[PDB]
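Here you get one chain, nothing else, as structure tokens; it is the form deposited in one PDB entry.
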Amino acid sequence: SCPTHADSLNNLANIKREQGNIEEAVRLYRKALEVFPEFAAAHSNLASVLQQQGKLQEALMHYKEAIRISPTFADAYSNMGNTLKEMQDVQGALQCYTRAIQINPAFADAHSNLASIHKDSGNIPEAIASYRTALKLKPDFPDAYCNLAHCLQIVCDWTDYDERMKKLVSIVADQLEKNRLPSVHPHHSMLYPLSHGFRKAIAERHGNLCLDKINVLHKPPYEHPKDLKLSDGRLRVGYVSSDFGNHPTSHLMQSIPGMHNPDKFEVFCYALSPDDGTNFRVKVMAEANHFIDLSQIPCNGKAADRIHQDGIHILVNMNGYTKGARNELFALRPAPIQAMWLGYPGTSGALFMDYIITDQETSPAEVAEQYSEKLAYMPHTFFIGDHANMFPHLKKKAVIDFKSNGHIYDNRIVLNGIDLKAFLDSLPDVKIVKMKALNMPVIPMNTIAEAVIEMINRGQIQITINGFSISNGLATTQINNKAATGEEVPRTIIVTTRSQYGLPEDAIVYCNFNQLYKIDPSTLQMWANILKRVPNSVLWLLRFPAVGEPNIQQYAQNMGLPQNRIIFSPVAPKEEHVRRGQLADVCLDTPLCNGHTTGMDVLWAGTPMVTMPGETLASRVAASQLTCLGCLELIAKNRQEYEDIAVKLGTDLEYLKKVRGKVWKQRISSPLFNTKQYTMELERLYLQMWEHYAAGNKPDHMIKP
């Protein structure tokens, strides 16, 4: 006679929940618990709804109850683990998942959640193993399948790549059509060939998650400022980010807040992360007009209240669908204008985002349908890097002519340093090669060059020559850790050699320092063609992660490349990573997802970068950087043009010297690394948006001055 009154109420609550009547769902659940307090299923369902609402504490209460009533409730163990994981109790979530797997060895969801924990912690083989186990238990598991696909992309395991991609598109279509949450994360949707509508829709659903979480607050709409009267005519701009610290975003824009014009702007910085003690956070705190630690205010309602009370006119989302994001603050709309700027290379798909700050090269109006927001164009490029501030020691270089009778090489033994000129002025016979006010000094093979090479070869940390401090490029962390992270400018003269990284002393070096997930079989095919067409040339990659290295090599061997044609290096500290890019000849950008910060890094080294812009924002950033640089010859309209440009740079050494010098000059001459100019143009765009809103208009595309 299984049906009871409580069973009926729990069902009716399930129906109202699938209808989207979440409040009626919780009311009916609670009524069912009233009829039957020891109703384990009602406890579990109410806990699931509460966890979806963000009421994690009460949800954990109800999950623990439901598991008290039914100790074999494996699903309740798995969902309690999920709630504890959302509460940052990773140990408790792990225990929940393993207890569920112990109780029911056939339960796939717990295996998938364990794989999720492994993947979050960086154990990709373990995550792959547990995802495979879950899919073996439950072959139709879209979440496990998509997460496994991302793990394989991370490690560059392209076995059955085409079938995997087609299944991914089919799964996304099926879940969109059935109004379930898509199993592909928006940040990953740029790596798969979905329609631009598919990517926009995934972004929309993930923003709807934030909307559902903020609805429980029942906050009224905020009264937004209609003029700048209360702020002395200053536009109040608040940058919201979890990356004020040692994070790439700070490496891009840390100088921007201090360069804002105080007469017309008031700069607020809302950190979603605690102080990590690094100089990036210190700089942002000390240069912004106001720093607000929203990490002390976990309640999205109260943090949105603080943003509103500060009187922000333009709120800037620099997190998007990345880690540490709190888009719930933006879903509460505490500011009249809300704009996506820098950290997320994609659309938010969400209504609470008015603008996305981009440029004509990254997002031409033709593809304005990819983005839910209105386009707000920067004059040259929306990308910026702080390299001129973080690494001024790479503005000039010098080399040693190790190969006694060797035409001058610019990237085999390189020296950098703030005091390099004084050191060279202490040297007897420095030769000065003019590059067509810019020049490269060359140290001939003296006892001094022999001492430097001995320091490099013997693996010594540092030496002294004529009272000057000479440092091994591999020993920066041992000399000044702050210098290695980019928190400080190095105070010694650093030596970087190809011998340090196994690069050919006599061959062309193609480099790509991006995370290996940006590589797909088509990209490796193009690189293989380029390597075949250029003799002795090698490709320089990073162990990013190291478990991806064998995969690449295996595939590279099937295409006819010996293991010696690809040189892998470990990931280095930031300063060493940017510095060692000088050793390469040409960088080959990933077409599937361009190197964005990596592109800035390689261009700062003076290394020409070849890109093929795609359709997604992430696939066109390198092209936009190259246009802003003034190097249109490095942008390819197709795969064949990409390969042709790469092999021309590799084989025509005079053209290679010309283009390398062009990049070496344009990285200073162009606005690409000019943070003051970028801040001023961003201020122009800000005032454009504010005047458009102040005239009573709804947000619209902002192009032309």
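For the two forms, the rigid core is made up of the largest set of C-alpha atoms that agree within 1.5 Å on superposition. Residue numbers here begin at 1 and follow the sequence given.
One more form of this protein should be noted, the form solved in complex with a partner chain, which is absent from this view; the next part is about it.
Candidate site formed by 510, 607 and 627: none of these residues places a non-hydrogen atom within 4.5 angstroms of its partner chain in the bound PDB entry. Only one segment in the set 289-297, 524-532, 419-427, 109-117 has residues whose heavy atoms sit within 4.5 Å of its partner chain in the bound PDB entry; it is 109-117.
Note on the partner interface in the bound PDB entry: the residue among 619, 363, 147, 250 having a heavy atom within 4.5 angstroms of its partner chain is 147.
Residue 79 is the only one of 347, 79, 254, 338 with a heavy atom lying within 4.5 Å of its partner chain in the bound PDB entry. Contact annotation for residue 679: none of its heavy atoms lies within 4.5 Å of its partner chain in the bound PDB entry. Remark: residue 14 counts among the residues lining its partner chain in the bound PDB entry, judged by a heavy atom distance of 4.5 Å or less. Its partner chain in the bound PDB entry comes within 4.5 Å of no heavy atom belonging to residue 675. The closest non-hydrogen atom of residue 85 lies within 4.5 Å of its partner chain in the bound PDB entry. With the core held fixed, residue 12 shows a CA shift of 2 Å or greater between the shown form and the other one. Residue displacement note: residue 688 has its CA displaced by under 2 Å between the shown form and the other one (rigid core superposed). Comparing the forms between the shown form and the other one, the C-alpha position of residue 27 differs by 2 angstroms or more, with the core used for superposition.
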